[PDB]
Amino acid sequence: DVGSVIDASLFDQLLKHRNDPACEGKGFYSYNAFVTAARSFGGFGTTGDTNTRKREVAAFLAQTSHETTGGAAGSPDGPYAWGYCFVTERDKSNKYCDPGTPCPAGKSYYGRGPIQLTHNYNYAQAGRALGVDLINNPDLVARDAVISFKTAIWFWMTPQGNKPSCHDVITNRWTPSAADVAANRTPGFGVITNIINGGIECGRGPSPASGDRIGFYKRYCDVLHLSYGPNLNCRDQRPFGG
């Protein structure tokens, strides 16, 4: 059980401003919803020694905190105490319907949830894996908290083509290929950022978005009493297309 790694108090300590009236959630991102969703995925937060399990939870929460951050320089308790502030993308004018997948009348596929799931084809994939109709009910990702967390954890646990799962990277189960070694994709937090949004954030030098993900990771590691580990950035990694 992932609940043995992170209890309700730690969860609240890490995500201390999620329920702020200045945040969108207003009680959406609950600990109960998190642990309920986590139980659906064997291996999540229960793989390896205790520190690896804690590290998986810290890395997952760091990446997702960045995707939903309401933090800034000067925010109370700093920028890294404002994860999980938002549920939906601010701009809701873009439907994000790609031509090959259905796009039902009156449905939009803008970012929703911890991993800010976007595009009709991604909703279709997540939907099929979770056994829920997300193409016709994309709003569930912003209304059903258990499904919301499930979409994020599903993404975290899922390998795709040349990309390993974030889960395998953080638990040292991923063995980079010669192509990865050549692209400087060394196992660590940076590779996870690369899997999530490397096309924009990696291989072009410093990225403030990448720096925000790292800031959350460091704070979470400090609270969970974990050392940071190597390869936190991806400044020199070629985005997944190696």
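Note that residue numbering follows the sequence shown and begins at 1.
Colleague: Return whichever of 25 to 33 and 210 to 218 has the greater mean Cα B factor according to the PDB record.
Modeller: The recorded data point to 25 to 33.
Colleague: Please compare 39 to 47 with 63 to 71 and name the stretch with the higher mean C-alpha B-factor in the deposited structure.
Modeller: Comparing 39 to 47 with 63 to 71, the higher mean C-alpha B-factor belongs to 39 to 47.
Colleague: Based on what the PDB entry reports, which of 157, 105, 140, 115 has the top C-alpha B-factor?
Modeller: By C-alpha B-factor in the record, 105 ranks first.
Colleague: What's the residue among 131, 161, 83, 78 with the greatest CA temperature factor in the PDB record?
Modeller: Most elevated C-alpha B-factor of the set, per the entry: 131.
Colleague: Sorting the chain's modelled residues by C-alpha B-factor, tell me whether residue 98 ends up in the lowest, middle or highest third.
Modeller: Highest third, going by the recorded CA B-factors of the chain.
Colleague: Split the chain's modelled residues into thirds by Cα B-factor; is residue 165 in the lowest, middle or highest one?
Modeller: Its C-alpha B-factor belongs to the lowest third of this chain's values.
Colleague: Quick check for you: using the entry's CA B-factors within this chain, is residue 91 in the lowest, middle or highest third?
Modeller: According to the entry, residue 91 has a C-alpha B-factor in the chain's highest third.
Colleague: In terms of the chain's CA B-factor thirds, is residue 53 lowest, middle or highest?
Modeller: Answer is lowest: the recorded C-alpha B-factor places it there.
Colleague: Could you say whether, by C-alpha temperature factor, residue 178 belongs to the lowest, middle or highest third of its chain?
Modeller: Middle third by C-alpha B-factor.
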